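Residue numbers (the authors' numbering), protein chains in the order written: chain B, 2 to 27, 27A, 28 to 210; chain A, 1 to 52, 52A, 53 to 82, 82A to 82C, 83 to 100, 100A to 100M, 101 to 213.
Idealized CB from N, CA, C, for every residue including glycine.
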Amino acid sequence: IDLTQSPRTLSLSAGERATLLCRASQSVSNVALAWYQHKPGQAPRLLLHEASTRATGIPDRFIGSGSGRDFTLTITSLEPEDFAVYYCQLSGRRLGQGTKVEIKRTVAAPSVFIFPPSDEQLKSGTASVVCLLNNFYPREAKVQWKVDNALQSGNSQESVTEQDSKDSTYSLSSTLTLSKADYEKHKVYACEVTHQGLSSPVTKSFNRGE
Amino acid sequence: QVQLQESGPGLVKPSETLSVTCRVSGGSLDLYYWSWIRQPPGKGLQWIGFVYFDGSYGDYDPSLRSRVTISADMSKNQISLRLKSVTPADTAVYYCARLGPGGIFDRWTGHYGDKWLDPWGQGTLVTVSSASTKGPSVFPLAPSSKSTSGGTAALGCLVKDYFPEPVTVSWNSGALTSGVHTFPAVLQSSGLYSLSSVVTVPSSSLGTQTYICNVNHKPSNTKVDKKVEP
């Protein structure tokens, strides 16, 4: 006996109604179904049990309904605070694949900064250039590493934040790591950023020695 | 007012036995089930098993039942999960929680309370590797004039080449929380996690307020502080 959630992914502007489905392989009584909100880095919390009985202390905008095999978590009006992944489970507690819920919002352009490699890290024989994309939306963006106007590959590596629970923007970090031998055979280390919120792509760059 | 926290080894070697312990800190185990839920690095909440508080009845995910046993010391108020023959598959954050319907007590015939999972609590990460731990090398992300964008400046620390997760980064010993994005670690092809952590602050405060990041890596008993200066 199994448990099927859908959609797997859901991007909705703040304040709109969101509907989440959890579908059993079989007939089940209301009692054994429960809903869980799992914000990233917190511990997962009970939203609802016995399919409709609201958990203690969780707001009214979370409503639960259903019978038989189609169970339905309803967010009547999304608050940005709802960015999470919402799971469901049966009695002896096995399942739910969940539903990652963005908060869709306005296009917001990233603010960009570069940081040169530190004096301390250069003494160890490795140079790291870090490029920053801060508080932007929608999630997708392009970082292009340009070293004396030449493109990089495979020695840049990047990470992006989980969605900010209050203004629903994303922040991104692209780190270029080279050995000091490589860092010094070029002069100008440049980071070019492409995003919806940016008219044309922006480039922030320094010349080795500053 | 119940509350609980899991803890355990920060690392396990291949083919060993992984254990994790959960300690109930607001009430007793009395008349409840206690269950274990794992979240692998990319996946959702895999259920592992639960055990009745008194230890007579338990149920587990049959994928793991052969290599899983869960016990509870009603006196110590702690529950132990014991997963044999661990592989890097089992590399995951292990969550601990409290099963259900009010639980209610049952005989040996009918164990017919089980309904919901209330308090969960952060639970603990267990990497599983034959590698040996390494310490962070913390450097400054200096707010140079290429990090001066009008009246706001950005600055941070680089936390490079460590193992295994986690590290804790804090700013000015907990004082600074606004404008903090401590990024996710990125597992390099070397096998090592690496991470920056940034804070944006007013340009005017650069010469008045000093900024120091507090990196902490319990798997190597590394704690460094690094001042950020021009």
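At which residues does the alpha helix (DSSP H) containing A:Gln39 begin and terminate?
No alpha helix (DSSP H) contains A:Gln39, which is instead part of the beta strand (DSSP E) from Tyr33 to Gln39.
Can you tell me whether DSSP reads B:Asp3 as helix, strand or coil?
In this structure, B:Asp3 counts as coil in the three-state DSSP scheme.
Decide if the segment 70 to 80 of chain A is in contact with the segment 187 to 197 of chain B; the criterion is three or more beta carbon pairs, one per stretch, under 8 Å apart.
Segments in contact, no.
Taking B:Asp3 as the reference, which of A:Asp60, A:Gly157 and A:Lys209 has the closest Cα?
Of A:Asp60, A:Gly157 and A:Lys209, the residue nearest in Cα terms is A:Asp60.
Do A:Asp30 and A:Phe52A count as a contact pair if the criterion is CB distance below 9 Å?
It is a contact, given that the beta carbons lie within the stated cut-off.
Looking at C-alpha atoms only, which residue of A:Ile37, A:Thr17, A:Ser79 and A:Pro102 is the closest neighbour of B:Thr56?
With distances taken between Cα atoms, B:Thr56 lies closest to A:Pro102.
Of all the residues that make up the segment 134 to 147 of chain B, which are near chain A by a beta-carbon distance shorter than 7 Å?
Hits within the stretch, in order: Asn134.
To the nearest angstrom, how far is the alpha carbon of A:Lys206 from that of B:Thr99?
Straight-line Cα distance between these residues: approximately 37 Å.
Comparing the C-beta of residue 216 of chain A with each C-beta of chain B, is any distance below 9 Å?
Shown here, chain A extends from 1 to 213; a query on residue 216 of chain A therefore has no answer.
Among A:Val89, A:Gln77 and A:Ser28, whose alpha-carbon lies nearest the alpha-carbon of B:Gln42?
Of the listed residues, the one whose Cα sits closest to B:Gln42 is A:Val89.
Quick one: does the C-beta of B:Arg139 sit closer than 8 Å to a heavy atom of the ligand ZN?
Looking at this structure, you won't find the ligand ZN or any other ligand, since it has none at all.
Using a Cβ distance threshold of 8 Å, determine whether the segment 188 to 205 of chain A contacts the segment 149 to 165 of chain A, with at least three qualifying pairs required.
Contact between the segment 188 to 205 of chain A and the segment 149 to 165 of chain A is present, because at least three Cβ pairs lie under 8 Å.
Secondary structure at B:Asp119, three-state DSSP: helix, strand or coil?
Helix.
Let me know the beta strand (DSSP E) ranges lying completely inside the segment 49 to 127 of chain B, each 3 residues or longer, listed in chain order.
DSSP runs (the beta strand (DSSP E)) wholly in the segment 49 to 127 of chain B: 62 to 75, 84 to 89, 100 to 104 and 111 to 115.
Our contact map puts A:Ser179 next to A:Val142 with C-beta atoms below 8 Å; I'd like the distance itself, whole angstroms only.
About 7 Å separates the two Cβ atoms, so the contact holds.
Per DSSP, A:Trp47 is paired with what?
A:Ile37, per the DSSP bridge assignment.
Does DSSP put A:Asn197 in a helix, a strand or coil?
Strand at A:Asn197.
Going by the beta-carbon positions, is the gap between A:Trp34 and A:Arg81 smaller than 9 Å?
In this structure, A:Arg81 does not lie closer than 9 Å to A:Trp34 by Cβ.
Starting from the beta carbon of B:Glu210, find every residue of chain A whose beta carbon is closer than 7 Å, and list them in chain order.
Correct list: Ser127.
I'd like the span of the alpha helix (DSSP H) that includes A:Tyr90, first residue to last.
Counting along the chain, A:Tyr90 falls outside any alpha helix (DSSP H), though it belongs to the beta strand (DSSP E) covering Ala88 to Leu95.
If you reduce the DSSP assignment to three classes, tell me which class A:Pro202 lands in.
Three-state DSSP puts A:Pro202 in a helix.
For B:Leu11, which residues in the same chain have their Cβ closer than 8 Å to its Cβ, ignoring the five residues on either side in sequence?
Cβ within range, chain order: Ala19, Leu21, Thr99, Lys100, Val101 and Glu102.
Please look up how many angstroms separate the CB atoms of B:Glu210 and B:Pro117, rounded, as I've assumed it's under 8 Å.
Contact flag wrong, Cβ pair sits at about 11 Å.
Is it right to say A:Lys210 is buried, meaning 16 or more other beta carbons lie within 10 angstroms of its own, or is it exposed?
Exposed.
Within its chain, find whatever has a CB closer than 7 Å to the CB of A:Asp86; leave out the 5 residues flanking it on each side and keep chain order.
Within the same chain, A:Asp86 has close Cβ partners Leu18, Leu82 and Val111.
With DSSP as the reference, label B:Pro201 as helix, strand or coil.
If DSSP states are grouped into helix, strand and coil, B:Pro201 belongs with coil.
Thinking C-beta only, is B:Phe83 closer than 9 Å to B:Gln157?
The answer is no: Cβ separation not under 9 Å.
Counting only C-beta atoms, is A:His164 closer than 9 Å to chain B at any point?
Taking Cβ atoms only, chain B reaches closer than 9 Å to A:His164, which makes this a yes.
May I ask you to list, following chain order, the residues of the segment 154 to 166 of chain B that have a beta carbon less than 7 Å from some beta carbon of chain A?
Answer in chain order: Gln157, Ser159 and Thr161.
Which residue comes first and which comes last in the beta strand (DSSP E) that contains A:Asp144?
Unbroken beta strand (DSSP E) run through A:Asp144: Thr135 to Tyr145.
Name the DSSP beta bridge partners of B:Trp145, please?
Paired residue(s): B:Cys191.
Which term fits B:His38, buried or exposed, when burial requires 16 or more other beta carbons within 10 angstroms of its beta carbon?
By the neighbour-count rule (16 or more Cβ atoms within 10 Å), B:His38 is buried.
Take B:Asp70 as the anchor and find which of B:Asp148, B:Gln144, B:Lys123 and B:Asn30 has the nearest alpha-carbon.
Ranking the options by Cα distance to B:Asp70, first place goes to B:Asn30.
At 8 Å on the CB atoms, spell out the chain B contacts of A:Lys100K, in chain order.
Result: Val31, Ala32, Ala34, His49, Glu50 and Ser91.
So is A:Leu108 in contact with chain B if we call contact Cβ pairs under 9 Å?
No, A:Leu108 does not count as interfacial toward chain B.
Have a look at the DSSP bridge pairing and note the partners of B:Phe136.
DSSP output for B:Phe136 lists B:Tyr170 as bridge partner(s).
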